[PDB]
Structure formats: structure tokens, C-alpha cells
Amino acid sequence: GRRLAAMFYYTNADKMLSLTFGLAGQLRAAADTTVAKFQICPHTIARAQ
Amino acid sequence: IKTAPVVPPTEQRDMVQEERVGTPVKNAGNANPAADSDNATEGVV
């Protein structure tokens, strides 16, 4: 935790922005896979409700 | 010979008293209790 703390001292917004805007892409591609797999649309969610 | 009035043995009681100058720490027998943290190179949850 002292090593992880050191990097946050030595960091800029540019480095953090790409780290998290890459996670947002990675998670949205995994959600797109899940949506396609289970046919999640307004019709499918409403049928569940 | 000197006969002297003493305290009868049944009207007094020896009580052991333990005198301490300070309360020992949690890891009293440990020379370095901070080596469990300094050696956690993978992390702690």
C-alpha cells in the first residue's frame, strides 16, 4: 500500500484519465456481449416486469 | 529476655501486591510487530 501510495503522488490527470477511460471501454464491451447474449432490449426487460 | 505485645496472628493477613510501572503493549514479546506489514508485498484485504 506504500508502493501504490507512491504512484498517486507521482501522477498526472492525463495518466489517470486513460486508465479509467480504458476501463469504461472494457466494461462496455463486456456489457455489449451480455446484452447480445440475453437479448436485453426494452421489450425483454418489460416482459420481465 | 524482652516480652513485648505483638499483633495476634489471626487479626492480620499477608496480601501479595504486584507493582507495575506501566501497562505492557499488545505485542509485548515482539521486537518488531511492524514486520507483518513491511513483509506484505502482495497486499492486505
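Look above for the structure.
Residues numbered from 1 in each chain as written, not as in the entry; some residues may be left out. Chains lettered and ligands numbered in written order. Part of a larger assembly, values for the part shown. Heavy atoms only, no water.

Undergrad: Residue-level account of the overall build of chain B, with values.
TA: Along chain B, the regular secondary structure elements total zero helices and zero strands. Oriented by its inertia axes, the alpha-carbon framework of chain B measures out at about 80 × 20 × 10 Å. Taken over 45 residues, chain B has a buried fraction of 0%. When the accessible surface of chain B is totalled, it reaches about 5,200 Å², and 51% of it is carbon and sulfur. Each charge class in chain B can be summarised by its mean position, and for the 4 positive and 7 negative side chains these summaries are 15 Å apart. (Helix = DSSP H or I, 4+ residues; strand = E, 2+ residues; numbered from the N terminus. Buried < 20%, exposed > 50% of the residue type's maximum accessible area, 1.4 Å probe, protein only. Areas by Shrake-Rupley, 256 points an atom, 1.4 Å probe, with all protein chains shown as cover. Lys, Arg positive; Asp, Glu negative; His and termini not counted. Charge placed at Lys NZ, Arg CZ, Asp CG, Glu CD.)

Undergrad: Just give me the short version of the packing of aromatic side chains, but keep the residues and values in it.
TA: All names here are of chain A. Applying the stated rule across the entire model yields one aromatic pair over all chains. Both rings, one in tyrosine 9 and one in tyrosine 10, keep their centres 6.3 Å apart while their planes meet at 65°; by these two values the pair is edge-to-face. Since its relative accessible area comes to 66%, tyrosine 9 is described here as exposed. (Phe/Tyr/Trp six-rings, centres within 6.5 Å; stacked < 30°, edge-to-face > 60°.)

Undergrad: An account of the layout of surface pockets is requested, with residue identities and associated values reported.
TA: Here the largest pocket defines a volume of roughly 370 Å³. By residue class, the composition of the lining of the largest pocket is five nonpolar, four polar and four charged. (1 Å grid on protein atoms, 1.4 Å probe; cavity = no way out; pocket = protein on both sides within 12 Å on 5 of 7 lines; lining within 4 Å. Points joined across faces, edges and corners; volume = space filled by probe spheres on them. Nonpolar A, V, L, I, M, F, W, Y, C, P; charged D, E, K, R; others polar.)

Undergrad: If you had to explain unusual backbone geometry to someone new, which residues and values would you point to?
TA: All names here are of chain A. Look at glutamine 39: it is not a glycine, yet its phi comes out positive at around 55°. Relative to the elements of secondary structure, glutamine 39 occurs in the loop between helix 2 (13–38) and helix 3 (42–48). By relative accessible area, which is 58% here, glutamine 39 ends up exposed.

Undergrad: Describe the pattern of salt bridges, listing the residues and the values that go with them.
TA: Residue and element names in this part refer to chain A. Throughout the structure, instances matching the rule amount to one salt bridge over all chains. The partner of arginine 28 in a salt bridge is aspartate 32, and the shortest N-O contact between them spans 2.9 Å. One end of the pair is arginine 28 and the other is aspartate 32, both in helix 2 and four residues apart, which spans about a single turn. A residue is classified by how much of its surface remains accessible, and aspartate 32, at 45% relative accessible area, is partly exposed. (Salt bridge = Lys/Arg side-chain N within 4 Å of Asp/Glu carboxyl O.)

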